[PDB]
Amino acid sequence: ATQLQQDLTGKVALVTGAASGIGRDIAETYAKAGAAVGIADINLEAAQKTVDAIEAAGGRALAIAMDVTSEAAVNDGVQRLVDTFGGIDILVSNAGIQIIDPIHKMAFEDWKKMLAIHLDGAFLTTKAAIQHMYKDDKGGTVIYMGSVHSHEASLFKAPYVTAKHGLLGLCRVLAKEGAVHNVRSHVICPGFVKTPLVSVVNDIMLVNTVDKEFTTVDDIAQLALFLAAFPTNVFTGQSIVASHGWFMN
Amino acid sequence: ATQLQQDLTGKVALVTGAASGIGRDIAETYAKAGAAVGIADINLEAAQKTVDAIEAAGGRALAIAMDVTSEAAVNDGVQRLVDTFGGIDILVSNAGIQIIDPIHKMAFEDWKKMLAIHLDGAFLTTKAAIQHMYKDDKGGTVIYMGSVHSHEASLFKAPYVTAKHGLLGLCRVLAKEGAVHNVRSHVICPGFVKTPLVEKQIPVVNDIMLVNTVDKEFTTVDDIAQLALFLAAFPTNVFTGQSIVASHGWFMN
Amino acid sequence: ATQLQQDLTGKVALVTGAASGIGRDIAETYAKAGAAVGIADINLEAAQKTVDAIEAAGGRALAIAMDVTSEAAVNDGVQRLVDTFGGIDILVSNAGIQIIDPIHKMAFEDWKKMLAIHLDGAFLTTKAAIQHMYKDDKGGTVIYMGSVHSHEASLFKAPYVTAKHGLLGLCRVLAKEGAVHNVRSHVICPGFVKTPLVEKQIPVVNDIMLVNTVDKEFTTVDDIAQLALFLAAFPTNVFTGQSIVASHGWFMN
Amino acid sequence: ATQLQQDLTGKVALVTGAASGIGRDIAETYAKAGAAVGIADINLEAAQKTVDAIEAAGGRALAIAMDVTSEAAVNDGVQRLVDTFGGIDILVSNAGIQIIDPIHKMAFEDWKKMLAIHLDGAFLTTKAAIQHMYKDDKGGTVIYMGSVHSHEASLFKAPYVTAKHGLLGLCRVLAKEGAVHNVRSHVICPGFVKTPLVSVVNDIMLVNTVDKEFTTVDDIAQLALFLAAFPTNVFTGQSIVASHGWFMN
Ligand SMILES: NC(=O)c1ccc[n+]([C@@H]2O[C@H](COP(=O)([O-])OP(=O)(O)OC[C@H]3O[C@@H](n4cnc5c(N)ncnc54)[C@H](O)[C@@H]3O)[C@@H](O)[C@H]2O)c1
Ligand SMILES: NC(=O)c1ccc[n+]([C@@H]2O[C@H](COP(=O)([O-])OP(=O)(O)OC[C@H]3O[C@@H](n4cnc5c(N)ncnc54)[C@H](O)[C@@H]3O)[C@@H](O)[C@H]2O)c1
Ligand SMILES: NC(=O)c1ccc[n+]([C@@H]2O[C@H](COP(=O)([O-])OP(=O)(O)OC[C@H]3O[C@@H](n4cnc5c(N)ncnc54)[C@H](O)[C@@H]3O)[C@@H](O)[C@H]2O)c1
Ligand SMILES: NC(=O)c1ccc[n+]([C@@H]2O[C@H](COP(=O)([O-])OP(=O)(O)OC[C@H]3O[C@@H](n4cnc5c(N)ncnc54)[C@H](O)[C@@H]3O)[C@@H](O)[C@H]2O)c1
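Protein chains in written order, with UniProt numbering: chain X, 2 to 199, 216 to 266; chain A, 2 to 204, 217 to 266; chain P, 2 to 204, 217 to 266; chain E, 2 to 199, 216 to 266.
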């Protein structure tokens, strides 16, 4: 007989895009579970509001100004976290935006900005984090925020669907490379969540759910906690879809 | 902010193949979380040993003699659970065997026995459980024990790989049909786990069984029971229709 | 530079369910490409109508009474083909039916009949064919008729979706086992095709059957027969173990 | 009863990376089938050698200097093809390179160059081609050269595996957007092919094939011809793996 593990006491997490939405709930949930959390965002003011909540709720957190498209910013922010809290055990690569246009109308600079935030952000934060996690094979957890759009397409979302598909590939390579250093990788794939990023609802957005339900920030934060606290590397390399039956993986 | 849901207080679960291995740990884990558990197995003596362990830890369980290939045995055993504990909230369709032979040598009898246990057992237990769960749209959770062999093949396991692929299909249909009645479905897909199904099999570990893991680790019964508890206690239907692979990187889903 | 291979001169094919629909067009297409074709069906009169069409076009075929759920009927019918034309190079396991009911209402008899036709038929025909193909490592091609329902579910089709998922598993095992004997395996996965299986079903097209296509088009029997000819005539084993979805964008594999 | 279709008489194809390897065989195969072919490559000399072969073999072709990372080069090259041969019916987005390093050692500029060639090249060539194909809903075929590495990972290939995964996503969005304009999309996913880009063979490279066989350039060119000449849009949005049993899709 066994039981669930959820204690993150003594762990340090970095969450990108943690000033808002999914990333904010993951960060607040990890802090409740005992982790010290780096709140990494391009919106430093909004990042410090998240830190203020975590600290008032009895946790530990640090606001980190980080544009995840910038190599120097990512490197500097990861170093600040390690200098403040002593290491980095968990990375959640979550920062993202949406830009909607059909391929034939889409500006090239909009395509490139989308790949830079979703794909370059994942590479840069992963590489910076694993230089620490690989030391003495201490290890750690890397979670990417994918989507149902990691697995299938929608109209007018070419760069988003391309990037969310690509994150599966990056996760799968890290699972293979990280194993000898006790690093595990995962992709969480939500359906539509009513964050700021989000008949329109029921006939377009939730049409391919089985039950006409949004995914919630708590759904994703519980899954992120289950993975981060899991006692073995059994889920390394996996994606898990959390979508109320929209794409059954 | 949130936290994990772990409580199954007031719930009633049926676990097939709960006399041994993965099913025994799921059943003991559910009982520790507060569920009353039906220990359904063809081995009634070993089923009662699971019940004794659950009772020794302060939980509630019932040994149920059930050959999951038999419609009467499934229907009667689900009815015995409902009569005893008042309903059925969770079904774990887990009973299974392995029979190894290449296709060109495999006895048709062995092909049919494999599909009867894995696929007919899943259909019969699902149908019997959802006739209760659909009443007043009370709902419930159906978990199938799949495999990495739900998603890819190995040599000499045709009927097993066929069946474990088939369970994804049945799960995906139930997710669509069950939604209006608050029924959710999932498939758990372990890699190799050192139960008796596998221990018997070894007389191989590093260069056959674990060759496509990233870290040369077996999956454990506690890995699968923790995932089974996470799903059964989950507070929303967000994972309905999904399979989750628990294999140390053997088939990255 | 290269070009398509289309020639099946000298080859012998067995197509199950070749009295109607997708199987009839595959069989007629193979015969036009030079294959001698066994027209295996439970409907012997309609099987002979396929043979008459093949002969009228200058091809060779044989009507074979075969209930693919019967081990004796499969073994005897494969042996009749080998006795007549000298061997078996290509098997297309295609016979099938549809039975629609939600899980909670579905008769167990109907569940078992569906798995017997789709899954036992695939096992029995595969095993009988590869005992010939494995001789002297001559080899051959085994194609299973899957579906979009190999990869995702629809309401009210539990046993069909289970079976079509299962055929991927059997194909994947055969690709591994058959390699040393020059046997390759594939699954073709059509979307809706307006055969009698579907025509009967309509008395729906735009908002159920074709709702998840990108272009509101049925798949056609000629789409599937062209893919079946491309695979059977292919000059290397490069596609062994693969499924190919032919559905106008319903499930993008 | 039916038969295979392979005639490309009256069609115009653009193949990127067509001076070498897979792209060269596709181009020569399309020209044999009657298409006029744009041989688009960064190596213009090698592109003109391919054109010389096609022309001596009785076909029609044009050498196009095209770095597929450059918006202007892609736009100019597609326009030259349309000015020379009257339109564009088929695009094969195939140009690629490989750069091998584990994530923790990989230079950021190597990550970005890989995504630019594989992903920006696919976007830029797609967008330029479909501005023509969408006119009067004439339509056309877009094929991306993926990989088994569209579907699973290998060690030390992070940006390649990320990009080849991403191409599935781009293809799936184009299938949905293109349908109303009679545009179909596909991804071909080869296993290892002995091009210049390619115990090492049998125990590493071909270890996950069922039969220890390389995929060949003719395997891929036959599949590319089957798709380009197919009489209906039935395969739109699909990937097809051609790998001797390495990843069974
Ligand atoms: N909301 C949904 O329906 C949904 C579903 C699936 C996946 N996702 C993914 O979840 C993630 C979080 O999205 P969300 O809905 O919570 O959005 P959100 O807009 O609420 O939060 C995104 C956060 O990322 C930050 N950010 C944006 N660009 C940044 C950059 N360059 N560097 C650092 N931080 C940056 C923003 O300031 C913001 O705080 C994204 O990757 C998104 O693609 C969202
Ligand atoms: N062990 C592994 O590596 C592994 C990996 C993936 C999936 N699985 C699956 O996990 C499930 C449990 O297997 P396990 O490894 O715990 O095996 P196990 O042999 O320890 O337990 C299987 C149980 O099923 C029972 N059973 C067999 N036939 C039955 C029938 N007709 N009716 C009722 N009960 C019956 C047995 O008596 C036994 O108690 C099976 O479905 C198996 O396919 C196992
Ligand atoms: N039509 C579709 O939309 C569609 C789509 C995807 C897959 N499929 C599959 O294609 C295959 C062919 O179906 P179809 O649409 O051409 O149907 P069809 O009804 O036109 O042909 C099926 C044939 O199978 C034969 N058959 C049935 N039971 C048999 C048995 N026990 N033994 C031997 N022959 C038997 C029938 O007599 C008939 O001639 C089936 O496996 C079906 O599941 C059909
Ligand atoms: N060879 C394999 O094993 C294999 C397997 C799967 C997929 N692939 C893919 O097939 C495609 C072709 O690879 P190949 O093996 O034939 O390689 P190759 O090296 O023989 O040919 C690649 C061609 O692309 C050209 N090219 C490179 N950068 C370019 C740029 N920026 N703009 C335009 N042209 C450029 C090169 O000059 C060359 O002519 C690639 O996308 C590769 O990823 C190859």
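The C-beta atom is built at its ideal place from N, Cα and C for all residues, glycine as well.
- Its chain contains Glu29, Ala32, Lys33 as the residues whose beta carbon lies nearer than 8 Å to that of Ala58/E, once the 5 sequence neighbours on both sides are disregarded; these appear in chain order.
- Using a Cβ-Cβ distance cut-off of 8 Å, the segment 89-103 of chain A and the segment 14-23 of chain A are in contact, since at least three pairs of beta carbons, one from each stretch, lie closer than that value.
- Secondary structure at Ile237/E: helix, using DSSP grouped into helix, strand and coil.
- In summary, no residue of the segment 136-164 of chain P has a CB separated from any CB of chain E by less than 8 Å.
- Annotated three-state conformation of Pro248/E is coil, per DSSP.
- With respect to chain E, the C-beta atom of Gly88/X has no partner C-beta closer than 8 Å.
- Between ligand 4 and the CB of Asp68/E, the shortest heavy atom gap is smaller than 7 Å.
- For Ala41/X, the enclosing beta strand (DSSP E) starts and ends at 37-42.
- For the segment 142-192 of chain A, the full-length beta strand (DSSP E) segments reaching 3 residues or more read 184-191 along the chain.
- Interface annotation, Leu5/P: in contact with chain E, CB-CB separation under 8 Å.
- Distance check between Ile40/A and each of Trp263/A, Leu240/A, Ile65/A places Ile65/A closest, using alpha-carbon atoms only.
- Distance from the CA of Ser148/E to the CA of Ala36/A, rounded to the nearest whole angstrom, comes to 48 Å.
- Under the DSSP assignment, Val16/A falls in the beta strand (DSSP E) whose first and last residues are 13-17.
- Ligand 4 has no heavy atom closer than 7 Å to the beta-carbon of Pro248/X.
- Ligand 3 has no heavy atom closer than 7 Å to the beta-carbon of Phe264/E.
- A Cβ-Cβ contact shorter than 8 Å links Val79/E with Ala129/E.
- Residues of the segment 89-121 of chain P whose Cβ lies closer than 8 Å to any Cβ of chain A, in chain order: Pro103, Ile104, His105, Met107, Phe109, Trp112, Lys113, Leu116, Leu120, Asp121.
- Those residues of the segment 230-248 of chain X placed with their C-beta closer than 9 Å to a C-beta in chain A are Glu230, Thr232, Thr233, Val234, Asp235, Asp236, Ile237, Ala238, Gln239, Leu240, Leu242, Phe243, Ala246, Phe247, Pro248, ordered along the chain.
- Along the segment 34-86 of chain A, the beta strand (DSSP E) occurs as fully enclosed runs of 3 or more residues at 37-42, 61-66, listed in sequence order.
- Counting only residues of its own chain and dropping the five nearest sequence neighbours on each side, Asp228/A has a CB closer than 6 Å to the CB of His261.
- Taking the C-beta atoms as reference points, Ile101/E is found nearer than 8 Å to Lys158/E.
- For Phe193/P, there are no C-beta contacts with chain E under 9 Å, since the nearest C-beta of that chain is about 11 Å from it.
- Taking a beta-carbon distance threshold of 8 Å, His261/P counts as an interface residue toward chain E.
- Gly141/X sits close to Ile89/X, with the two beta carbons spaced by under 8 Å.
- Looking at the DSSP output, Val258/A bridges to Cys190/A.
- Comparing alpha-carbon positions, the option among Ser216/E, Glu178/E, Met146/E lying closest to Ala154/X turns out to be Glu178/E.
- Contact of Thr196/X with chain A is not assigned, every C-beta pair being separated by 8 Å or more.
- Collapsing the DSSP output to three states places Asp228/A in coil.
- The beta carbon of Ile43/P sits closer than 6 Å to the beta carbons of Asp68 from its chain, once the five residues preceding and following it are set aside; these are given in chain order.
- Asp90/E sits in coil when the DSSP states are folded into three classes, being neither helix nor strand.
- Residue environment analysis places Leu223/E among the buried positions, since at least 16 neighbouring C-beta atoms fall within 10 angstroms of its C-beta.
- In this structure, the alpha-carbon of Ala62/A lies about 20 Å from that of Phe243/A.
- Here DSSP, grouped into helix, strand and coil, assigns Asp102/X to strand.
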